[PDB]
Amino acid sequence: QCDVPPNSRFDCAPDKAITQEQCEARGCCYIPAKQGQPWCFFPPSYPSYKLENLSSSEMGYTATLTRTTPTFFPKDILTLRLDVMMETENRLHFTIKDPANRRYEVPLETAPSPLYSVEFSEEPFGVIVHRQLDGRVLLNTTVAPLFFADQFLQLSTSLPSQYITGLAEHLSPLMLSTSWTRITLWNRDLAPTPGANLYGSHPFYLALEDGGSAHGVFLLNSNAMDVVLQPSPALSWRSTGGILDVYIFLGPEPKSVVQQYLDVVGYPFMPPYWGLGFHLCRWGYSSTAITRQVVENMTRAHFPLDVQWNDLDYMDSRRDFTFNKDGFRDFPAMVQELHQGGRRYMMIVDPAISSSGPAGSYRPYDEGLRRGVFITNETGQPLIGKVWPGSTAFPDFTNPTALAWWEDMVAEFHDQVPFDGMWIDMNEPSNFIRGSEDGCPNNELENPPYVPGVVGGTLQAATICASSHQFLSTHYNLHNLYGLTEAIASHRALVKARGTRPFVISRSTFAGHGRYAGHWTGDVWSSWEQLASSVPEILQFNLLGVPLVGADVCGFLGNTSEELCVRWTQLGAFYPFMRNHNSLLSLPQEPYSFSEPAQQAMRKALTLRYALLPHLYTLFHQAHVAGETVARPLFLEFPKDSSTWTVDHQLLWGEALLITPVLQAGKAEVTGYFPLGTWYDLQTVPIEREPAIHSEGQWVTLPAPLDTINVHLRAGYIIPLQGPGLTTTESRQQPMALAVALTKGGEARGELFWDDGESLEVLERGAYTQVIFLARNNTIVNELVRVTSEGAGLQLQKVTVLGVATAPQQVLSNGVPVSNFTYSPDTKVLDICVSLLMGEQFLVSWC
């Protein structure tokens, strides 16, 4: 009965420190570890639920689950309903609910044979999901008891391997440790550090299977939760409320798992083109005059800058929807001038609204009070916390009236200052005091029978009371959606205020956030450790459908070094969202504030990113239309090479661009993994050391002096490029170029998506140009998928072909010898001058 292998023991005392006698009285096994592993664990006979009256339906199964012996938690739900829905060949969906009471549910919009088969264990109850093709057991919930109590759900499963990623937001390797790891999902304001619940919660994992197939599991549950991983290997979901709403995504390819997950939670939003340019911010740009000098200093030193930002500086006494009449007296003129120069403007918005101002003197509060927009306490009055302005009320973004109020406050402020998006901070929501000015009542929501592993050991720590009232439910159920609901509110407000694509960057997130907004990783230290950690974290958010993600380039807290800021700018130029942001008390870290050689390296990083923008924009189009990742781990692109599985200090842009950054001080080289194939050094492509790495799938040491970041182009791919500019307003008017990386057999393929860069409903209206590029048998051609006014008249002026073994005797464009070409025998690069249009069929040939 108690003869269970150490790694397969599930904790029978997750709630408290227990003695042997108490453990044995619960009906559990007490065996101390020999040095973590639970001492008190479930025998195989521990009372679970029994399956009864299993019945078949069109599109699935239903059953009753019955528990006859109570658990050690209060309020077991003794009778449950199981619903199994076989939704698509790729997507299995099951719920476990209380048939006698509607419980809290997360608000979410909804040869021939499935990839899965499903079976059930009768007693103890379990759901068993096989991969049909190879019989692999993906889900087996029979491994531990089902707990289903009012404030405690636990469902466990075997894992198919030791390789599992997901369960944001935490500072972790991309692949999570199965060594008795407790991962806590409770949105929390805390500087990224390992083992802590951070700003967001994504209850989704992708699990790798031997051979390179994968599946995903989504628990649609927004309650405070722990996820416990153990080395058997196995996983336990432990939630403090709601229901069990489980999706299984059968892949079989890791890229298909992510797409299938995003079919449920939403495809990433399409950002404006300008959103992919460089962003520059700090706390301490304390006047329009200082803020204007940033743009002047960047422009003087030839550094691209699309978007100037301000932090709290612009506000009147740190209040939303105000600007002070000292340093920011001419705020509106500053933003209009930025626009005249072809730049955009972003500023910080906090959720909490100053509640202490004289009545009638501060419209956001006064109108919020009138319309009942705020989270309320026991007596129906606004819950009052403390944030930057002092005493504050907290908008309830589940209240439709709050959405209307937020739209009005954003539109009215935009009529004063035409800002181009919203930086939504502190939306955990973050509170400077515990719960409220008035503390919190003593009830089961504030003091629940199971408290997950949250920093501070309470649901109230750094946030508002758990028993506070929102339109849809208590904050207890809704806390992990606070940031997401604000992001939805802000997305709609910006659409109504500006009539073009919204640009929202949010601190706090939940599953499906990417449908509305991007994310930055928060208060990272200016350290080599946090630079290195930003790579796994940016990859993790791409797997979770938030591709518009980055870290504060050169780090946020503390003082950067020139060397760290060179390496951080080099790597950060490959963040899909690229912003340099800096704390109030920090030494300056704008590119122009460093030595001449450091400026050259930073300018080169920005030049290359701007040259690549048409490509990065096309990668976002694929994310938006097909649920693809933008920045992706090697294992997503080469899952059948098991050597890629633990690589998280390299990243790809899409299928073709491999980035191998230096992430350590004092290094003049970097060792990176190169999947099987040829990888061309991007340094061999002209933009305004081995030329090719021929890998069998192996580790390769690369020269990486201070002025270099290693970037390689995969053979068989074509990348569109565009000429330079200090803004995308300038760069989008330049001639374009192609970089063509030939296979040994002379083949390559690539594409370009182009639209006006900011309109709504572009794909629905067909207001875009889509072109495919094909290299074959010493020819390059375009294939016109769609050609419209927007994209017709893009000029192709340069074609660079990599892996051309022999100097050609002649190079033809549309049957005429070209004006000019060069061939380099040492690099195998053929550089061709042309006068072609992306939107008009061409043929470039050489021999």
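Heads up: residue numbers just count along the shown sequence, starting at 1.
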* When the other PDB entries of this protein are compared, is residue 109 left blank in at least a third of them? -> yes
* How many residues that are in the deposited sequence but not in the model lie between residue 688 and residue 689: none, 1 to 3, 4 to 9, or 10 or more? -> 10 or more
* Asked: Comparing 689-697 with 734-742, which has the greater mean CA B-factor as deposited?
  -> 689-697
* To do: Name the higher of the two by mean Cα B-factor in the PDB entry, 679-687 versus 350-358.
  => 679-687
* **Member of 669, 590, 552, 425 with the greatest C-alpha B factor (per the PDB record)** => 669
* Of 485, 586, 540, 509, which one's C-alpha B factor is largest in the deposited record? -> 586
* Structure fact -> Tertile call for residue 821 (CA temperature factor, within chain, third-based) is the highest
* Classify residue 442 as lowest, middle or highest third according to the C-alpha B-factor given in the PDB entry, relative to its own chain. => highest
* **CA B-factor ranking of residue 702, expressed as a third of its chain** => highest
* Tell me, lowest, middle or highest third: where does the Cα B factor of residue 581 rank within its chain? => lowest
* To do: Would you mind ranking residue 75 by its C-alpha B-factor against the rest of the chain and naming the third, lowest, middle or highest?
  => highest
